[PDB]
Every structure is written in structure tokens, then in C-alpha cells.
Number of protein chains: 4
Amino acid sequence: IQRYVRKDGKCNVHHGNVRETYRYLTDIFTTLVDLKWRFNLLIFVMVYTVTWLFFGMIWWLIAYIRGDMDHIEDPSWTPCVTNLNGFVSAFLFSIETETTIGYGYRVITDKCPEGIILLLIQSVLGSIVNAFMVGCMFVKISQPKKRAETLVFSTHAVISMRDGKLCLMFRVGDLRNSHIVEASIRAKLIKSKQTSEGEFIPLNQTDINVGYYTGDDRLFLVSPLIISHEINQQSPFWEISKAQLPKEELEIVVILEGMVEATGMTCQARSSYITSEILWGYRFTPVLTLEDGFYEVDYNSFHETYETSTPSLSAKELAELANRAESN
Amino acid sequence: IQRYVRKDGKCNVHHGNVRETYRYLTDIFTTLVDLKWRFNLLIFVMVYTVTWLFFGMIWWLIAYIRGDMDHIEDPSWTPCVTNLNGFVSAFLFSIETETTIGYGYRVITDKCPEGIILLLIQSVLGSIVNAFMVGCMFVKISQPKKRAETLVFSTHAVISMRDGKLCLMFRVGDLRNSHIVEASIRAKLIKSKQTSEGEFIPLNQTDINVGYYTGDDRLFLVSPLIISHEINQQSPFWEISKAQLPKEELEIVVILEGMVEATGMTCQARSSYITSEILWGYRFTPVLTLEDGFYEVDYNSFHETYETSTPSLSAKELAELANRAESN
Amino acid sequence: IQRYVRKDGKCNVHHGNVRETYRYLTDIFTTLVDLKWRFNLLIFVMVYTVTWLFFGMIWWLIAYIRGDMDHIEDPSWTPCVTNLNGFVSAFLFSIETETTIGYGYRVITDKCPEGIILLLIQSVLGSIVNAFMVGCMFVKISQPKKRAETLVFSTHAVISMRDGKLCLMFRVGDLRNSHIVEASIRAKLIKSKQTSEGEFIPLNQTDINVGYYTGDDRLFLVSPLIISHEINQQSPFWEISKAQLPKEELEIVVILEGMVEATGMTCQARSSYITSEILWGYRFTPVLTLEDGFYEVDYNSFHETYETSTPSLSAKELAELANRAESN
Amino acid sequence: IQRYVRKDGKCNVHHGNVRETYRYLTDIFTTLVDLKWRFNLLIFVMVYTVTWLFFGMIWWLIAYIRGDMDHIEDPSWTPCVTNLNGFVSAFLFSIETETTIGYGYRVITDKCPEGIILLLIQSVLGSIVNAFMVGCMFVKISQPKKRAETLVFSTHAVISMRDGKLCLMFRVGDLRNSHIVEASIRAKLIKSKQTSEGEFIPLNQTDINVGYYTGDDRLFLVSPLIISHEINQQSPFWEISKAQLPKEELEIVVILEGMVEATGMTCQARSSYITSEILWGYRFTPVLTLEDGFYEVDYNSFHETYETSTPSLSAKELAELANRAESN
Ligand SMILES: [K+]
Ligand SMILES: [K+]
Ligand SMILES: [K+]
Ligand SMILES: [K+]
Ligand SMILES: [K+]
Ligand SMILES: [K+]
Ligand SMILES: [K+]
Ligand SMILES: [K+]
Ligand code: NA
Ligand code: NA
Ligand code: NA
Ligand code: NA
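Residues numbered from 1 in each chain as written, not as in the entry; some residues may be left out. Chains lettered and ligands numbered in written order. Heavy atoms only, no water. Residues with missing side-chain atoms left out of burial classes, pairs and counts.

Method of determination, as annotated in the archive: X-ray crystallography, at 2.980 Å resolution.

A.B. asks: Mind showing me how you'd approach the relation of the copies chain B and chain A here?
C.D. replies: Both copies of the chain are placed relative to one another by a rotation about an axis and a shift along it. In screw terms, the move from chain B to chain A is a rotation of 90° and a rise of 0.0 Å along the axis, fitting with an RMSD of 0.0 Å. Accordingly, the operation relating the two chain copies is best matched by a four-fold axis. (Least-squares fit on C-alpha atoms.)

A.B. asks: Whenever I open this one, a nonpolar patch on the surface confuses me. Can you help?
C.D. replies: Together, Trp 60, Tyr 64 and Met 69 of chain A give the surface a local cluster of nonpolar side chains, amounting to about 350 Å² of exposed area. Relative to the assigned elements, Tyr 64 of chain A resides in helix 3 (residues 37-66). (Patch = residues over 30% accessible without salt bridge, like charges linked within 9 Å, V, L, I, M, F, W, Y side chains within 5 Å. Areas by Shrake-Rupley, 256 points an atom, 1.4 Å probe, with all protein chains shown as cover. Salt bridge = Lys/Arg side-chain N within 4 Å of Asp/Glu carboxyl O. Helix = DSSP H or I, 4+ residues; strand = E, 2+ residues; numbered from the N terminus.)

A.B. asks: Is there a simple way to explain the state of the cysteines in this structure?
C.D. replies: All names here are of chain B. If you walk through the whole model with that rule in mind, you get four disulfides over all chains. Residue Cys 80 pairs covalently with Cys 112 via a disulfide, S to S 2.0 Å. In this pair, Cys 80 is assigned in the loop between helix 3 (37-66) and helix 4 (89-98) and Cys 112 in the loop between helix 4 and helix 5 (113-142), connecting sequence segments 32 residues apart. As far as burial versus exposure is concerned, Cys 80 and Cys 112 are alike and both buried. Sulfur of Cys 11: no disulfide; nearest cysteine sulfur belongs to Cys 267 and is 15 Å away. (Disulfide = S-S within 2.5 Å. Buried < 20%, exposed > 50% of the residue type's maximum accessible area, 1.4 Å probe, protein only.)

A.B. asks: In this structure, what is going on with the packing of helix 3 of chain A against helix 5 (residues 113-142) of chain A? I would like to understand it.
C.D. replies: To describe two helices that pack against each other, one gives the angle between their axes and the distance between the axes. Residues and elements named next belong to chain A. Taken N-terminus to C-terminus, the directions of helix 3 and helix 5 make an angle of 180°; their axes are 11 Å apart at the nearest point. Accordingly, the angle class assigned to the pair helix 3 and helix 5 is roughly antiparallel. Of the residues that constitute the contact of helix 3 with helix 5, the class distribution is 16 nonpolar, five polar and two charged. (Axes fitted to C-alpha atoms, helices over the stretch in contact; angles between N-to-C directions. Parallel < 35°, antiparallel > 145°, perpendicular 65-115°, else oblique. Nonpolar A, V, L, I, M, F, W, Y, C, P; charged D, E, K, R; others polar.)

A.B. asks: Any chance you could explain the interface of chain C and chain D here in plain terms?
C.D. replies: Size of an interface: often given as the accessible area lost when the parts come together. Facing the 74 residues of chain C at the interface are 67 residues of chain D. When residues of the side of chain C that touches chain D are assigned to their parent elements, the largest contribution, ten residues, is made by helix 5 (residues 113-142) of chain C. Per-class residue counts for the side of chain C that touches chain D are 30 nonpolar, 26 polar and 18 charged. Bridging between strand 1 (residues 13-16) of chain C and strand 15 (residues 294-298) of chain D involves four bridges; their strand directions are parallel. (Contact = heavy atoms within 4.5 Å. Pairing = 2+ DSSP bridges.)

A.B. asks: Honestly, the interface of chain B and chain A in this entry has me stumped. Any pointers?
C.D. replies: Taken together, the contact between chain B and chain A spans 67 residues of the former and 74 residues of the latter. Those elements that place two or more of their residues in the side of chain B that touches chain A are helix 3, helix 4, helix 5, strand 3 (157-162), strand 5 (180-190), strand 10 (251-260), strand 14 (288-291) and strand 15 (294-298) of chain B. Of the residues that constitute the side of chain B that touches chain A, the class distribution is 34 nonpolar, 17 polar and 16 charged.

A.B. asks: Sorry, what's going on with the sheet that holds strand 5 (residues 180-190) of chain D here?
C.D. replies: Sheets are built from strands paired through backbone hydrogen bonds, the pairs being either parallel or antiparallel. Residue and element names in this part refer to chain D. In spatial order, the strands read 8-5-10-11; together these four strands make up an open sheet with antiparallel pairing. Each edge of the open sheet carries a strand with a single partner, namely strand 8 (205-208) and strand 11 (266-274). Averaged over all pairs of adjacent strands, the angle between their axes in this sheet comes to 30°, without regard to strand direction. Note: strand 5 against strand 8, four bridges, orientation antiparallel.

A.B. asks: In this structure, what is going on with helix 4 (residues 89-98) of chain D? I would like to understand it.
C.D. replies: Quick reminder: α-helices carry 3.6 residues per turn. Residues three or four places apart thus point the same way. The element helix 4 of chain D is extensively covered by neighbouring structure, given that nine of its ten residues are classed as buried. Within two residues after helix 4 of chain D, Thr 100 of chain D carries a phi angle of roughly 55°, on the positive side.

A.B. asks: Just checking my understanding: could you explain the domain arrangement of chain A for this structure?
C.D. replies: All names here are of chain A. According to the domain assignment, chain A contains domain 1 (1-13 + 144-328) and domain 2 (14-143). On a C-alpha basis, the centres of domain 1 and domain 2 stand 54 Å from each other. Tallying the contact residues gives six residues for domain 1 and four residues for domain 2. With both sides pooled, the region where domain 1 packs onto domain 2 buries about 480 Å², and carbon together with sulfur makes up 56% of that total. For domain 1, the biggest contributors to the area lost against domain 2 are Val 13, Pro 144 and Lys 146; these three give 70% of the whole. Our count for the contact surface shared by domain 1 and domain 2 stands at zero salt bridges. (Domains from an automatic or database assignment. Buried area = accessible area lost by both parts, 1.4 Å probe.)

A.B. asks: It is not clear to me how the pattern of salt bridges should be interpreted in this structure. Could you clarify?
C.D. replies: When the charged atoms of two side chains lie near each other, side chains of opposite charge can form a pair. All told, the structure shown has 56 salt bridges over all chains when counted by the stated rule. Linking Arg 106 of chain B and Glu 96 of chain B is a salt bridge whose minimum nitrogen-to-oxygen distance equals 2.8 Å. Within this pair, whereas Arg 106 of chain B is found in the loop between helix 4 and helix 5, its partner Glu 96 of chain B is found in helix 4, the two being separated by ten residues in sequence. Notably, a salt bridge pairs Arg 176 of chain D with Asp 27 of chain C, separated by 2.5 Å at the nearest N-O pair. One end of the pair, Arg 176 of chain D, is in the loop between strand 4 (165-174) and strand 5; the other, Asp 27 of chain C, is in the loop between helix 1 (22-26) and helix 2 (28-34), on a second chain. Of the two residues, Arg 176 of chain D and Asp 27 of chain C, neither departs from the other in class, the shared state being buried. Residues joined by salt bridges that share partners form a network here, namely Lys 188, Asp 207 and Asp 217 of chain A together with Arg 218 of chain B.

A.B. asks: Can you walk me through the pairing of strand 4 (residues 165-174) of chain C in this structure?
C.D. replies: Successive residues of a regular strand alternate their side chains across the two faces of the sheet. Residue and element names in this part refer to chain C. In terms of residue burial, strand 4 counts as a mostly covered element, since nine of its ten residues are buried. Taken together, the three bridges between strand 2 (residues 151-153) and strand 4 define a ladder with antiparallel strand orientation. Looking at strand 4, one finds that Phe 153 is bridged to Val 172. Both strand 3 (residues 157-162) and strand 4 contribute to a ladder of five bridges, which runs antiparallel. Residue pairing in the sheet places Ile 159 in a bridge with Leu 168 of strand 4. Hairpin connection of strand 3 to strand 4: two residues between the antiparallel strands, including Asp 163 at a positive phi of 55°. Where strand 4 and strand 9 (residues 225-230) come together, six bridges link them in antiparallel fashion. Within strand 9, the position partnered with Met 169 by the bridge is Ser 228.

A.B. asks: Is there a simple way to explain the sheet that holds strand 15 (residues 294-298) of chain C in this structure?
C.D. replies: Across the sheet, which stays open at both edges, the three strands sit in the order 1(B)-15(C)-14(C) with mixed pairing between neighbours. Each having just a single partner strand, strand 1 (13-16) of chain B together with strand 14 (288-291) of chain C make up the two edges of the open sheet. With direction set aside, neighbouring strand axes in the sheet form an average angle of 30°.

A.B. asks: Before we go on, may I ask you to explain the UniProt feature "intramembrane region" in chain A in this structure?
C.D. replies: Residue and element names in this part refer to chain A. If you check UniProt for "intramembrane region", the listed places come out as residues 87-98 and 99-105 in our numbering. Taken end to end, residues 87-98 is 83% helix and 0% strand, and its two terminal C-alpha atoms sit 18 Å from one another. With 0% helix and 0% strand, residues 99-105 has end C-alpha atoms that lie 15 Å from one another. (UniProt positions renumbered as here; feature names shortened; annotations may be inferred.)

A.B. asks: Is there a simple way to explain the nonpolar core in this structure?
C.D. replies: For soluble globular proteins, nonpolar side chains are generally found buried alongside one another. All names here are of chain B. In terms of nonpolar packing, the biggest core is built from 37 residues, with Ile 185, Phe 237 and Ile 252 touching the most fellow members. For this core, the element with the highest residue contribution is strand 5, accounting for five residues. Here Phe 237 is in contact with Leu 168, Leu 189, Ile 208, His 229, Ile 231, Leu 250 and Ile 252, once residues within four sequence places are set aside. (Core = buried A, V, L, I, M, F, W, Y, C linked by side-chain atoms within 4.5 Å.)

A.B. asks: What is the right way to look at the side chain of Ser 223 of chain B in this model?
C.D. replies: Summarising the element assignment, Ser 223 of chain B is placed in the loop between strand 8 (205-208) and strand 9 (225-230). For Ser 223 of chain B, a relative accessible area of 5% corresponds to the buried category. A polar contact of 2.6 Å, which involves the side chain of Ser 223 of chain B, links it to the side chain of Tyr 4 of chain A. Look past the residues within four positions of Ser 223 of chain B in its chain and what remains in contact with it is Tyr 4 and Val 13 of chain A together with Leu 288 and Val 297 of chain B. (Polar contact = N/O pair within 3.5 Å; in protein donor to acceptor, adjacent residues only side chain to side chain.)

A.B. asks: Even after reading the chapter, I still don't get unusual backbone geometry, so can you show me in this structure?
C.D. replies: Keep in mind that most residues, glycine aside, have a negative phi and that most peptide bonds are trans. Despite not being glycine, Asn 17 of chain B has its phi angle at roughly 50°, a positive value. In this fold, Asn 17 of chain B is placed in the loop between strand 1 and helix 1 (22-26). One non-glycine residue with positive phi stands out, namely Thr 100 of chain C, at about 55°. Within the secondary structure layout, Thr 100 of chain C lies in the loop between helix 4 (89-98) and helix 5.

A.B. asks: I'm lost on the relation of the copies chain C and chain D in this one. Help?
C.D. replies: Aligned on chain D, chain C shows an RMSD of 0.0 Å; the corresponding rotation is 90° and the shift along the axis is 0.0 Å. When the interface residues of chain C are mapped onto chain D, a mere 8% of them again lie at the interface, so each copy presents a different face.

A.B. asks: I tried to follow a positive patch on the surface on my own but got confused; where do I start?
C.D. replies: Residues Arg 6, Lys 10, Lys 145 and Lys 146 of chain A make up a contiguous surface patch of positive charge. Within the secondary structure, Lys 145 of chain A is located in the loop between helix 5 and strand 2 (151-153). (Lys, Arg positive; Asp, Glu negative; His and termini not counted. Charge placed at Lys NZ, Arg CZ, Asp CG, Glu CD.)

A.B. asks: Mind showing me how you'd approach the packing of aromatic side chains here?
C.D. replies: The description of an aromatic ring pair rests on the distance of the ring centres and on the angle between the ring planes. On inspection of all chains with the given rule, the structure shows 40 aromatic pairs over all chains. With 6.1 Å between their ring centres and 80° between their planes, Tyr 4 of chain B and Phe 220 of chain C make a pair best called edge-to-face. Placement of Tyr 4 of chain B in the segment before strand 1 and of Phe 220 of chain C in the loop between strand 8 (205-208) and strand 9 is noted, with the two residues assigned to different chains. Residues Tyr 4 of chain B and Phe 220 of chain C agree in their burial class; the two are buried. Of the aromatic side chains, those joined through ring pairs into one cluster are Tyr 4 of chain A together with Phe 220 and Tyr 295 of chain B. Here the guanidinium or amino end of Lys 140 of chain C rests over the ring plane of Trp 37 of chain C, the centre of that ring lying 5.2 Å away. The positively charged end of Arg 171 of chain C is found above the aromatic ring belonging to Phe 302 of chain C, 5.9 Å away from the centroid. (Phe/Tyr/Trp six-rings, centres within 6.5 Å; stacked < 30°, edge-to-face > 60°. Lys NZ or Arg CZ within 6 Å of the ring centre and 35° of its normal.)

Printed below as a string of C-alpha cells:
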């Protein structure tokens, strides 16, 4: 069985037999900005070209219906647009007006009522197309998920004693000098199970306590923080000894959410720990040192761990043995 | 009695005798973007045309007051704008300036102080109108409620045993490969009641526990999740047996909220279960399979349920019978 | 003593002797969009005019330094800009370029290196000014606080029995067919106090329970909801009888927060109840009726209350008397 | 040991040996808007100039390949662009088209297929560059962190009795007449520790209760509020007497988060109290007075404190002595 989430945060999941694809067009905006730049840069170019054409032919049709084509050199009659020499000239005008470059070689004149209301309709719809594409671009340029790129998770998780309690720990970092606002950490245990009743539940999610009851899950994340899950009665890890752990088949998905200081927008950084990435009996190497009026983070030690003396017993047995020690 | 919320999420409610309609114009922005596209495409066209007119007449009035109309072919005097042959020419200029196409057949000149400050006033207000409409368009194009279109809720809810407890379950899905960020699930029971004191409360809302005390209500929603409400003492469903359920007249409104990964914006997807859509003694069909390095969701099974052996007793009686079994 | 918050939500507070006014310019954006439209429409006009001037003189200075003014009619030499007849012509050009209308009577030419890099600098800064003002406009046009205009609070609060408990109730409404997303209700009791130690605390805020422990404070607000605060031991209202209430000097500030469905933006609607707006022994008139497949809200009854049989005793004494009734 | 956070909110932390600098370009948007204006104003100018060049040479290359340069004065043949006299003329045209000023001295004509699709490609990419830079500007102009500038924290924290309990108090303010929406206050104690097991934890963060269990941490912040942390068994301050405090080496980081009323965007204001900024046995001076129908805040007293009779004992000993007083 392969992991549900990769160490970089992408999920190993494919959505198949989605029969209502009608839905992807119902929010087209979302499908567009979700697309790869290649697809956006293409569509943008296509959308622009078809608008110039679709109006360039309408500019040519009205030019043909009015009878401007017939005489192209007479004093008395003036066409809707001066200088429209053929099949392509209307295309340049259609651009001069929608991009509003309007070189003024191709100029509108009074003769057709049909012309004025078109230039109007164009300019109006010329704003609606241009906006949509710019809008679409800005969003895609400014989307938060990119910030996740500079949010890092320690490569392993560790289990070791902390003031009498066995803790599952992982370390988290923000590489930017800016802040993740309303930052918070949650974590899900993913492992298959079967209920007494027989129901096999493929990749069952159960939330792991990492501060939610005390609000310690609400981070102030400048220098890297070790996030710590205390293995108590309620922990999924309560009955797991050093010796059992490798035989367990589970995955902890670790999820960091907050807002990009600059754009108020919320991002989500993810990582994952499969059973072979949890080191029993280890500790995270310090990364902080105080040099001349600033705290210096040595990211060379960010992922680094070291072994310490640690019980091999499950937290449950540790407790039981301690409660009897007290009780003697 | 008909449902408060339809399976697609729209609410069967009409607001009548709203006497302060003065309020809808106090936030006009909101009424506009809430309108149907037909109404936006109309207004946009109207707003543009009236600005060109309202300035086109001011351009004609100043042109008339200065005395430019009188002589249209003399060497010495130059008008505020070259080439203004009649009632319509000013309209083209009024467009050439606000859309800033400015074909340069119609060009401004120095003779009137009144002209320069107008072109200024126009351009300034020409930005304020254009912005407003673009702004209005982008919003309406980029609004989150559309994402809800690709968020799905299982067609039925089910009640069946799970590790000794009777649970009310429904299944939820996200059809897009992108993430709903800070996703969460809440659910309200809607049913009429009467207090001891006589007060009849038409469609009384009471929240249903679906993870809020443990933070299990905060979803990591990739492949579909069965959301599970354990029917305990506090549940509205505590004293409801298989046999009573059909006689009950209640509705569970199910509400999913989160942020569209791309635009940081929060959306809300809704669905509803009326009493005849809750299947007692059923289970959701698995939708997950593991094929060659990715988890495959078979959405053909998304809504599908199957019958399993299940007590017909209310959870309350189940508990009572179990507590006595233990007590023997 | 006058109320801290008015029934419409504005706060009766003035900030005086703010000595660091340096701060209002440090976030100028915020001061600008907070200003009245009159001040925005003014500034916008001023900012535009000064940019055209400040560049119009630079266009005239370079025109003077190069020696273009001296000869205005010679074949061999061409100026940086054709047709600059005097002190004002440069101003039109300065507009033709920043608004990018560029009528092409005033056209740039090759003779000056100093000219090309200016047109560049202008256009670049011409985008930075135009953006800022548009940006500033859109925000101010699209700000959420306006939505609050269509969020309503019942005019009175009521106290009366509900299933054995004395409750403080108020009613809340949303006049729009759209949704407030992640809507929620909180309420603060404001009243002066003095600690045992002597410390007089002018307008002390203490939060009033209206659903926060059960998540009932998270609204699904379609038709109007009666928000209900149960007066228990923890309530500020525990030792207040019908007879005491009028002598009490307190204010309940009621605060509704959520996101405008269309623009993801969060708004806050406020209202207030002073001691004389709390009716003891009343109930809210129903506003819901079911007519032909939709629920109809009759907003004529929204604020309306009616009297019902209700104990005159404080909830504390009610409890005490009930606990002794049980105990007999 | 120097403070982790300064009184103005900046953090004394440097990120060193960040080896994956590849990441800063992966979200370039974020690095750009995070930069100083000098760097933005520079880049903006550079990006614009290189686009005009990169297209100005392509306009010159096609002009050279077609054979327009060779003859610059002949009747029969027309170039792709009229009036391109040399190495610089193409640059003006490249500007006339991307800024869409298009003075119409330099005008496109029909002769080259290669020209039309370029003008198209330019205009299309001319929108993508202009958008990006405007977008980048608006964000940077409109970023919330600036609002923090008008959110203030009292200069000291105080410890003194309040209705029988020893409290750690600090005062917070909002200088603007506008509201911070969904405002909230949290606070972290930062102090080094060593676990029983030996593990030294450099600047250990533990959250301090300031209202989170009752929702009193959710502010309605008009006039300044004294935020109060009750020193109970769970408080880090439980075993700290007046006499010990100065010997303690700890820092309370105080964090205020909410949304700028106008732009829905979330900001975070920070301040810090090191051990020598906590005054034992003091109280905050009132800042509220009621003058003629509005509450007047006298910010001259905002930071001001005064001494009051206060026990010198740790809250723990205070409790113990009180519990024995009751027990006698
Ligand atoms: K909690
Ligand atoms: K909770
Ligand atoms: K809670
Ligand atoms: K233009
Ligand atoms: K133009
Ligand atoms: K032009
Ligand atoms: K022109
Ligand atoms: K809580
Ligand atoms: Na950081
Ligand atoms: Na998904
Ligand atoms: Na509503
Ligand atoms: Na304020």
C-alpha cells in the first residue's frame, strides 16, 4: 500500500468516472485558473483572436450591406470606416478598436447608424473580454498555494520522552521573513480499519491532537517549531511500542494553514509521514543560536535528528508501570 | 410540509414585505453582482451609453456656447475640437476620449479653458465608470459559490452500527483535483417543535455533532469521506427507532464550507436530507481502489448504499440493553 | 449614561489626543478608502491633475533645454514633439500620453534621448497612478460593511420561559436571497463594575453565551432566527428578576459576522439593546408561513412581540424553587 | 538574552543557510510584493523596457527580413509600418502598441502576414505584463500589515488583584474609527526550558489563556480594552511571586488578528513584553470619559499605569492561604 500524500504535499488520488462534466463548465473560471499556464496562454490567445474575427466580419458585413465596398474612391460618399481596402483591413480596425490602439488611419464616420452601436457593443464587450483574461491572469499569478512552496516540514517524525510523556513530534518551518497570519496546524491519522460489524473502511481519517484543546495549535511561526503530539489514552499511538511500530501500517498527514501576509489569501501546505518515517527514540537537533542581536536559524540542522535514551514500551504500558510505581 | 433546502442546495424561502428597499441601493454593488448576467450585460451597456451621451451633450453645449458651430470652415479660428460636423460627431469624440480610442480625426485644441478641464473631468470619471464595471464583472466571474457546483453530497443518509454505536452517516465529495482549504462540515437539524410553555417554533434549528468537539469536523477532503454523526444521549436521534423514523418529520441540512484554493474566497455548498432520504440499516458502498501507484475513486459507487444487519431499536434502548448486559 | 452602540450599529466613541498621526499616512491606503466619497473624488481629481502638470512642465523643460521653442517653423530640425505652440500644448500632450489617448497631432520624434526615457518613465508611473486610484475605487465600491445594511436585528430583546429555562432572546434577519457564508453570532454584555479591590472598570465587556460551546452560534441564516441566550448560573442575567431589570444599567451588544457570498469578504453587522429595550415576559411573533411550495417570511412581524405568562422571579430563584420542588 | 519580538512587532530572527533558494522564484509573486518599493519601482521599469526592446527588435527583424529597410521612399511598396527611419523608430512603435498609445504616425499595413500575428502576440502579452505589474502594485499598496500600524499595545503589562484573583493584564487599542472585523487576541509565553530527559528547548512557546475557553478572546474593540490573563493553576505565572519575577527570564508575545473592515484582508499586529516590562502591583489608568453624547478616549492615559496595594505572594501561595482561611 502506497502513501495517500507525498512528502511534498501532492495527493496520490485520481477522480474517475465523473459523469457530470457539465459541472466543470458551470464554474469555468475555476477550471481555467486551475489549468497549466500553457493552456491559459493558449486560450487567452484564442479568445482574443476570435473576438477580433467575430467583430472583424461584422465590421465587414455592415460594410458590405451599406455598400461601402462597391465604390472605394469617390468624393461625395464616405464609408463607415475610411481605408478598408479588403478582407484584412477590417481585421486591423477590429484590433485598433478592441485593444483601443486606434491608429487613426482607420477612422469611423457618420454615415451608418449600424456602425455607431457596434463600436459601442464592441468596446463594451471589449472590456468584458479583456477584464476576464486579466482577472484570470492576476488570480493565477497571485494564488496562495505558491506560498506553500516556502513552508517546510521536517523529513521525519520522532517519538521520545518529554517531561514524563511519550510524544510524537515533527518540526515545521517558514523560509520567508514574512508571516503566515492565523497560521495553524492540524494532523490526520490515515489507516484502514474494520468495524466490529465487518465494515472495512479503506483510508479512515481520524484527527490527531496537536494543540486544539488549548489553542496551542494556533502557531506564531517565526523560527522552526517542533509540533508535539502527546501520546495519551486518546492517542492512536497509545498501544504502540517500539517493537510494534514497524509492523503498523499507518500514515500521518500533516496540514499547515494560514494567510499569506501580503495577499490576505489562505494557503495550505501539506506533508506526510508513513510508518517508516517515524523514528522511535529520537530528538530534533536544535536549529537556534543567538549571534549579536538576532536569533540565527541554521537550516542545515532543520531535518536533522539524534538518538536519545528512550523506553521501548508503548505509552499505555509506560503509564501502567508508572501508576503502579506511585501506588507502591 | 415541504423541505427547507433542496438536494442541490437552494433554499425554498421567499422574503416578502421587505419595506426598506432603500437598503438594496445603499449597497448597490451587492445587488448588481447578485443579479443575473442578462441584467448585468444590460446595465453595463446602459451605463456606458449614458456617460457618452451626458458628456457628448456637454461637449456640444460648450461647443455651442463658445461659438464653434457658427463657422465650420474658417482659417483664423479653431474650435475646441476639429471636425464636429453635427449632432452625432460629438458622440464619436465622446467615445474616442472615454474609451480613449481617440482616432485623432477629432482632436482637442487650445481655444477654450472650458474644454481642457472637461477632458480631464471625463478621463477621471471615465476611469471610475470603467473600473466599477470591470470590477463588477471580475467579481461576478470569480465568485466562489460556483465552486460549490463541483462539491457533492451523497443522495441518501444512512443509519447503521459502527463499533457499537448507532451512527447517522452521509458521504461528501470534491470532483476537482484542487483543494478546498480550511474545509469544514456542519449540519443542522430542522424540525418544528413546541416548548412546554406553548410556543410553537416553526422550523427550529439545532446543530448536529459531526466532529466539532474533536476537530474532526475540519476535513482533509481528497477522496470522498463518510461524515458520521454518532447517535448518543445528546443526539436528536437518540430516541428514534427504525419503526419511528418514517413517522418523524424532520430535515437535516448539511453544510460544507471552505476556501477555493485558487482565489482565497470562501464558498458554501449545501444539501438536505428529509426523513424519507434517511435509510435505516444501510452502509455506503466503498469507492476507493488502489491501482498502480494512485488511489482510484469510482464515482459510480459514490451515491450507492447496501443493506446490512442492523438493530431496529433506538440508540437509547440499545444502550439501555447493553448497560444491563454488562451489569449482569 | 448613553449607549455604547446605537441600534443601527455605529459606536458612540471619539478617539482624541491621538498624537501619532504619523501613523495614518504610514497606511495611507486605509485612510483613503475610509474617507467619504467627496474626499476620494477630490483627491482622485487632484492626483491626476498634478501628474499631468508635473510631467507637462518636464515635457516643457526638456523642450526648452533642447531648443525646440526657439524655432517653431523650420524644415530641417524636428522637435521632440510636433505641435507644441505654447504653455498649454504640453499639457494636452501630457494627457494624450498618461491617459494614453494620444490624438497623434502631438507626436513624439527621434531628436532627443531625454524624451524617449521620459515617455517611458511617464507610462510606467502613469500605470502606477491609474492603478492605485482604480484599486482604491474598486475596494471602496466593493467593501463588505455595506452588506451589513441588509442584515437586520429585532428592535427589542425578550425574556421568557422556554422548556423550563428563562431565556434572553433576540431575532436576526437577512433581507437578501443570497447567503452570509460562515455566518456567526456573538454578544457582549457591557456594564460598569468595580472589583473588590476598588478598581472601577468603565464599560466592562463580558461575552454572553449564544451557542459557542455547541457550535449553535454558527448560523445557517435564511429566514429570521431567534437567537437565544439561556440564563443559567454563568449568565450575567442569573440574579435579575423582572422587578430588578429596570433598575439595572447594562447594554447587550449583538454582533453578526460572516462573508458576503459574492465577494469572499467578511462583514460585521452590529446592534445594541439597552436595559429599556429588553421586554420581560414576551415572545417573538412568528414570521413564517408555508404557501404553495415556498416558505414565506412576513417581515411585517419581524420586530413584533407579544406578552405571555411568565414568572417574575430571577432565574436563580426559579432554579432554587424548582430544585426544592424536585427535592420534596 | 535578547527579546524574540520587539515592542513594535518585528521579530529578531534571521533565516540562514536556506539552500533551496529555487523556492523563492517558484512563488516569484510573493518575493516581489514582499520587496521594498525601490526594488519594485526598479523591476517594473526594467520589465517594461525589456518588453519594448524584445518586441522592438522583432519589429525590426521582420522589417529587415521583408525588405522594408532597403527602400524607404517608393510609391508602389508599403512597409509593415509606415515611418520607421532607423534603429530607434521601431522602439517608439513598440511603445505606441504595448501601451497602446499608437500616435498613428507609425501605422501598421497589410503587406506582411508576419506583422499581423505579432501585433496580436504583443497586445496579448502586453496585457499579461501590464496586468502582472498593476496587480503586483495594487496588492503591495493594499496589504493589511499596514493596518497594524494603527493598532496599539500598552507599553507595559501589569499584575494585580481583580475580584480575588491575581491577573496579568495588558491594554490594547485601535486608533481608527473603522473596525477590525473578527478581531481576536492570543498570547504566547516564550521561555527556554529543559525537559526531565535533558532536552533543552531554546525558545519554547506555550499559549497563555486570554479568553479562548469562553470566547472572551474574540474582541469587540472600539475604545481600548484591558486584556486580562487570570493566573490560575494552569498559568505559567502560578508560582511566580513579586520577589521572583525580576529573576525570571521570559517573554510574553502578544498577537492581535482580525480583518481590515474595508479590504476583507486579515492583518496581524504584534508586541512583546519582556520580564522587565511586567509591573507587579499596578493598574491601568482609565482612558474613558463621557462628554456630551459620545465616549471620549484620552489616549494620553493609554500607556499610563498606577500603583495599588497588592500582595507580594505568588498566586499559588495566595490560593493556598485563602483555601486554609475558608477551611478554618
Ligand atoms: K476547542
Ligand atoms: K470546541
Ligand atoms: K469551543
Ligand atoms: K488606449
Ligand atoms: K489610443
Ligand atoms: K490613439
Ligand atoms: K491616434
Ligand atoms: K474552545
Ligand atoms: Na517566518
Ligand atoms: Na479534491
Ligand atoms: Na438570506
Ligand atoms: Na476602532
